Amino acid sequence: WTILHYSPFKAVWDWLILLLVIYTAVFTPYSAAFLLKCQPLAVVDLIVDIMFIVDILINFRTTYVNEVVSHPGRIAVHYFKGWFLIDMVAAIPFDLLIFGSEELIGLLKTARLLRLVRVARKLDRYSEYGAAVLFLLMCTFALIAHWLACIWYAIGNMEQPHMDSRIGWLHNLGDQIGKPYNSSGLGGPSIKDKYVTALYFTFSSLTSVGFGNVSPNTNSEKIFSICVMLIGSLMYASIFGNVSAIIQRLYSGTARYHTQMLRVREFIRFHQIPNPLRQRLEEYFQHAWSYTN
């Protein structure tokens, strides 16, 4: 058998895989930055890896447009000559394959971020609806702020064994919250204190609030903030440009309505129309508009 790409199943499956890609975009960068050295997130990662493998089987058994193509040989060769390479690299279980340092093995799971390409392929499904693209834009904003928080903690953490002698942002965090790093390397803030501070700093830099209790102090932290300021400015010209445009697109019925109403009102003023005829004109405009949009 074979699946039609416009069926109610394949429509729901493509919206379900968007939510599993959003899960991968959150918990893969987090695990690679904060957790290096079954549990619920270890079995949920296994379930989600199994669903991204089931999606390869669905991609071998779904129709496509050349007019629709429905023969399994003409489907399978199209997927092989298309995206199958990226989909298999995003699905090889390197962590279960390898037996070689656990730092590299935990970092190598960042290959799962190729699952973001499954959202870039399918944008013709997701972008069609105004409330869906406005959701995607705010999740692109929150995911970029999260990925930058993982890089900012990777920088701030690597400068402790490559020791800066109390200069970088983690030593300042320890002193500010009353959880100082001891001279032996003991103590210091928790993973919640470090993550919530790293995410607070990257929203503060991207939205340009710059609150000044977290501030970049070593050269790698200053060079990172120059990059976040070049990202955040292009990203405000693009994301919040598009969000304000989509808000105006949803508002376009109201914008057209008031523009034609103001023309009718200014016409009624300019000709000084008597009340019985004025009411007939402005009531007819409201009927004609509320009928045809």
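Residue numbers here begin at 1 and follow the sequence given. If you superpose the two forms and keep the largest set of C-alpha atoms that fall within 1.5 Å, you have the rigid core.
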**Q.** Greatest C-alpha divergence in 6 other deposited structures of this protein once each structure is fitted on the rigid core, 108 to 116 or 154 to 162
**A.** 154 to 162
**Q.** Stretch with larger C-alpha RMS deviation in 6 other deposited structures of this protein, core superposed, 75 to 83 versus 88 to 96
**A.** 88 to 96
Q | residue 184 coordinate gap across at least a third of other entries | A | yes
(Q) For the other entries of this protein included in the comparison (both sides of the residue modelled), is residue 102 absent in a third of them or more? (A) yes
**Q.** Gap size between residue 67 and residue 66, counted in deposited residues that the entry leaves unmodelled
**A.** 1 to 3
